[PDB]
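Undergrad: Structure, please.
(chains A, B, C, D, E and F)
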Amino acid sequence: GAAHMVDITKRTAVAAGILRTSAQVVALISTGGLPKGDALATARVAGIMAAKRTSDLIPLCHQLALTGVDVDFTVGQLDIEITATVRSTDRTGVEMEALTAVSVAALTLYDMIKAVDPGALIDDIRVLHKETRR
Amino acid sequence: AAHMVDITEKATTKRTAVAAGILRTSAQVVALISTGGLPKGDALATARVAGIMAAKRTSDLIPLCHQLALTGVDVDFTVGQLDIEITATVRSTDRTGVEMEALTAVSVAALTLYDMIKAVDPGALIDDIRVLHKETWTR
Amino acid sequence: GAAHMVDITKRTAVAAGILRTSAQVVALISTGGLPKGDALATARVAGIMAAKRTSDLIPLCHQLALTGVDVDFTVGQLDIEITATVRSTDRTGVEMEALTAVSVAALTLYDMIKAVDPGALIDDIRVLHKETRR
Amino acid sequence: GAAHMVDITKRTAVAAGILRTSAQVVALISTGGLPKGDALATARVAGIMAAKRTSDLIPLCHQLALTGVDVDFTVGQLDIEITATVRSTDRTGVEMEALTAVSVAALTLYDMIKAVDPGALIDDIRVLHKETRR
Amino acid sequence: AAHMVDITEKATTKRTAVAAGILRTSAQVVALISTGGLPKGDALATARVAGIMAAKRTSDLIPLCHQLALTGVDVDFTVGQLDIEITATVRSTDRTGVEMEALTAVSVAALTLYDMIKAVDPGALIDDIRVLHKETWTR
Amino acid sequence: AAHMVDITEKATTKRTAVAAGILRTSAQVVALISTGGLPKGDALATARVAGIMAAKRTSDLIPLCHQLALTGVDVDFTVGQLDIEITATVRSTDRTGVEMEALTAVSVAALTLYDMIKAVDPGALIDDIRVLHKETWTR
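TA: Residues are numbered from 1 along each chain as shown, chains lettered A, B, ... in the order given. See below for the structure:
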């Protein structure tokens, strides 16, 4: 029981996901009251780098040259929605890169806050848009 | 604007952490898994291996994570009707807890599952990634 | 005494290599009786990933975007032949990627079985086909 | 407070930098009298590999397929000038790759000699040439 | 033609190393940093994170560097009139000094600063990367 | 479908492993090596450095390999008439044997040799990669 990858213009993919935590934690992330530092900046950077490493992590993904990567945060009362937008010019889509960016930003957020809220959840990681193209 | 926590004045103990997560997919996808009929191959074996390797790569991915000596890593699957539950168990003799590597393994295993199934069910989503247990802490 | 790399369509390279071990070990690999798990699946995945990492490992190799990578096994009585087929579209050949896939699959197989057969050998790693093109 | 990368023919970038050390150390590097081995060969290889890893290291850099990478050394009485020449065909310039090659060669040189000259300095890391193109 | 030094017959002690370096830039660049007006974003936060991660990747980059367990990593900036000083502090409980990781962090943080500012000041340069302190050794 | 072996209930000892391998090439290639006339440069130095670095990257490449603290790594060559023998010696103070890193080093050094010589002799092959010694185990 094994595996095999697939074979071979401008593309875009958007993924999102949610960190669910306490109102205290969300507020510390926003105002930067955490002892470990700025969670949003650290998570943004981690996710951006994780996008580029997708083929390192996910065995059957191809190495693709990404042309731009954005990590955005929408802060609510109890949660933070992470949106990752990835662009490329290659022979295949870039949703995997977007998803991994989302996942690693979320893991990083969690790392920054785990001493304050160890029960924090990472939820609803999904593709929002993909450009064969919907 | 970040400070790694200094673990220098902390003793090494034998630790274990367990994390879980869930891929929400289709009955068809579950079907193709049990039959071994996925286009890309054995999703479960591939994702187990990806989750194990990622556990080790934790400190490379997560900026403020310390480099920890892992003494063991398991990734288990429970396949339901529509869902695939993922459980990662990580063991280490070191200076801080290993819940990050457990979460990373679950996380990369889920991403890898999705890579294997996205052609049959691109609407699948990754849910409920969380710490179950640290050793006493239990959800 | 130093070094320097070379400068700059559709391409394919095939490499093979052989793990030589005991009849007991070959049989455990096939039927999956090993305590560490499925050797073939683990080795296939390791080799596929190693192909993508070739430029990480071999100092003077270029970073190439591979378009497909297959790892195949032919099981005999005493040995396992590993065949790696790599495809790409780039300015240079892909035999190094094929060879490293072969090598790392073989190292992985060995890792899976070393407690059962520590004298197991990795033999006859070679290029079978390269596409300037023979 | 966060970040975001930029979007998207033949290119070249040259960077240099200087290791400043003792006359004794410079001479050992040249004649290869160091216990840890050949410093120039080790540094050349480290820098060449570091060029390829630029996007791994520098968060907002893009993954670019480099087409050639040269690391050269000019040895003086008290110092060693490291010159890195990087070539590519991509949508953006390659000076970051050149700079990182310079930096990691210099760090490696320092690693090779730190037991002999711990006060050794890495100085004047800069872009010499970039090809929008000057 | 190289030999990694054998640290096998050496005891583990609690160690700290400090390294520094300097980015020579423009008053305009300093201005855009204090105002938060750089095109690419927060240079300081980005470079701090890059320096921390690189500290951990030291043995991957530098061929004869041993793999060391880092217990803590700080990257600090002092912004002057025209210059940005970088200081990395590394702590470890291990068999050899941690000055390489400190230098690597300073080094990658400087490269990352330059990446953030090169569009406003491509003539900027990276200067005076050096060991400040090892713990007794002091410059 | 894989389980990393748990080394948690195992003590740390001082260990050494030796592995070997052979590149089967041409008299011409041996000639160009002794004269320093290879197009790509110093094959031996390049491959030694590649073998050392790969030894450290073992647990990144081999899914079920544990992350081990290596205290020393040597790569030696014996150049014969037509062949180049490679020997890797790895030392570590840890919980499991270091034969994988020794084999990986030999392996990547051979691949790197081949990269340096494939333009003169593309028919060269890599042979007889094996464990020689673990410390008592001896082939």
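Undergrad: of all the residues in chain A, which ones are close to chain F?
TA: Taking CB under 8 Å from any CB of the partner chain as the criterion, the neighbours of chain F within chain A are residue A:1. Heads up, the C-betas are built off the backbone N, CA and C, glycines and all.
Undergrad: Just want the angle from the longest helix belonging to chain A to helix E:43-61.
TA: The longest helix of chain A (DSSP state H) is helix A:95-113. Counting by axes from the mean of the first three to the mean of the last three CA atoms, to 10 degrees, helix A:95-113 points 100 degrees away from the direction of helix E:43-61.
Undergrad: Residue A:48 is in what secondary structure piece?
TA: Take DSSP states H and E as the rule and residue A:48 turns out to sit in helix A:39-52.
Undergrad: Does chain B have contacts with that helix?
TA: Yes - applying CB under 8 Å from any CB, one finds helix A:39-52 touching chain B at A:41-42, A:45-46, A:49-50.
Undergrad: Please spell out the PyMOL selection for the buried subset of those.
TA: Remark: buried members of these, expressed as a PyMOL selection using 16 or more other CB atoms under 10 Å in any protein chain shown:
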select buried, chain A and resi 41+42+45+46+49+50
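Undergrad: Tell me the one of the residues of helix A:39-52 next to chain B nearest residue D:31?
TA: Taking CB to CB as the measure, residue D:31 lies nearest residue A:49 of the residues of helix A:39-52 next to chain B, at 41.2 Å.
Undergrad: so what's that closest one closest to, chain neighbours aside?
TA: Spatial nearest neighbour of residue A:49, excluding adjacent residues (CB to CB, 6 or more residues apart in numbering or on different chains): residue D:59 at 5.5 Å.
Undergrad: Residue A:126 too?
TA: Distance criterion CB to CB, 6+ apart; nearest residue to residue A:126, sequence neighbours excluded, is residue B:125 at 4.1 Å.
Undergrad: doesn't residue A:128 make contact with the one you found?
TA: No - counting by CB atoms under 8 Å, residue B:125 sits too far from residue A:128 to count as a contact (10.7 Å).
Undergrad: Output the longest helix of chain A as PDB, restricted to C-alpha atoms.
TA: Taking C-alpha atoms only, helix A:95-113 is exported to PDB below (Å, rounded to 0.1, in the frame of the first residue of the first chain):
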ATOM      1  CA  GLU A  95      -4.400  25.500  -2.100                       C
ATOM      2  CA  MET A  96      -2.100  23.200  -0.200                       C
ATOM      3  CA  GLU A  97       0.300  26.100   0.400                       C
ATOM      4  CA  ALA A  98      -2.600  28.200   1.700                       C
ATOM      5  CA  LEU A  99      -3.900  25.500   4.000                       C
ATOM      6  CA  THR A 100      -0.400  24.900   5.500                       C
ATOM      7  CA  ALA A 101       0.100  28.600   6.000                       C
ATOM      8  CA  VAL A 102      -3.200  28.700   7.900                       C
ATOM      9  CA  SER A 103      -2.300  25.600   9.900                       C
ATOM     10  CA  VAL A 104       1.200  26.800  11.000                       C
ATOM     11  CA  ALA A 105       0.100  30.300  11.800                       C
ATOM     12  CA  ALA A 106      -2.600  28.700  14.100                       C
ATOM     13  CA  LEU A 107      -0.100  26.300  15.600                       C
ATOM     14  CA  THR A 108       2.200  29.300  16.300                       C
ATOM     15  CA  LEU A 109      -0.700  31.400  17.900                       C
ATOM     16  CA  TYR A 110      -1.300  28.300  20.100                       C
ATOM     17  CA  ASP A 111       2.400  28.100  21.000                       C
ATOM     18  CA  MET A 112       2.300  31.800  22.100                       C
ATOM     19  CA  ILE A 113      -0.700  31.300  24.300                       C
END
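Undergrad: following that helix, which helix or strand comes up?
TA: Sequence order places strand A:121-130 as the next helix or strand after helix A:95-113, per DSSP H and E.
Undergrad: Not counting that next one itself, show me its contacts.
TA: For strand A:121-130, contacts defined as CB atoms under 8 Å, 6 or more residues apart in numbering or on different chains pick out A:12-21, A:83, A:93, A:95, A:98-99, A:102-103, A:106-107, A:110, B:21, B:103, B:107, B:110, B:122-123, B:125-130.
Undergrad: buried stuff in the helix or strand encompassing residue A:69?
TA: Using DSSP H and E, residue A:69 sits within strand A:66-75. Using 16+ other CB under 10 Å as the test for burial, strand A:66-75 gives A:66-73.
Undergrad: go on, stretch A:109-119?
TA: Applying 16+ other CB under 10 Å to stretch A:109-119 flags A:109-114, A:116-117 as buried.
Undergrad: of all those, which comes closest to chain D?
TA: Using CB to the nearest CB, residue A:109 comes nearest to chain D of those, at 13.0 Å.
Undergrad: show me what contacts the spatially most central residue of chain A?
TA: By CA atoms, centre = their mean, chain A has its centre lying nearest to residue A:102, at 1.3 Å. By CB under 8 Å, 6+ apart, the residues touching residue A:102 are A:15-17, A:47, A:82-84, A:125.
Undergrad: Reformat those residues as CSV; add neighbour count and secondary structure.
TA: Shown next, in CSV, are the contacts of residue A:102 (neighbours: other CB atoms under 10 Å in any protein chain shown; DSSP: H, G, I helix; E, B strand; the rest coil):
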residue, neighbour count, secondary structure
A:15, 26, strand
A:16, 20, strand
A:17, 25, strand
A:47, 28, helix
A:82, 28, strand
A:83, 18, strand
A:84, 29, strand
A:125, 26, strand
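Undergrad: With respect to chain F, which of these is nearest?
TA: Using CB to the nearest CB, those come closest to chain F at residue A:47, 21.2 Å.
Undergrad: doesn't residue A:71 make contact with the closest one?
TA: Yes - Residue A:47 is within contact range of residue A:71, at 4.4 Å (criterion: CB under 8 Å).
Undergrad: List the contacts of whichever residue of chain A sits closest to chain E.
TA: Across chain A, no residue is closer to chain E than residue A:41, which sits at 3.9 Å (CB to the nearest CB). Residues near residue A:41 by CB under 8 Å, 6+ apart: B:1-2, D:1-3, E:42, E:45-46, E:49.
Undergrad: 10 Å instead?
TA: Applying CB atoms under 10 Å, 6 or more residues apart in numbering or on different chains to residue A:41 gives the contacts A:32, B:1-2, B:63, D:1-3, E:41-42, E:44-46, E:48-49.
Undergrad: Which single one of these is nearest to chain C?
TA: Proximity of these to chain C was ranked by CB to the nearest CB; the top entry is residue B:63 with 20.7 Å.
Undergrad: Which phi and psi values does that closest one adopt?
TA: phi -50, psi -40 (degrees, to the nearest 10).
Undergrad: what do residue A:47 and residue A:71 both touch?
TA: Joint contacts of residue A:47 and residue A:71 (CB under 10 Å, 6+ apart) are A:82, A:84, A:98, A:101-102, A:104-105.
Undergrad: Give the buried residues for stretch A:1-8.
TA: Within stretch A:1-8, the residues scored as buried using 16+ other CB under 10 Å are A:2-5.
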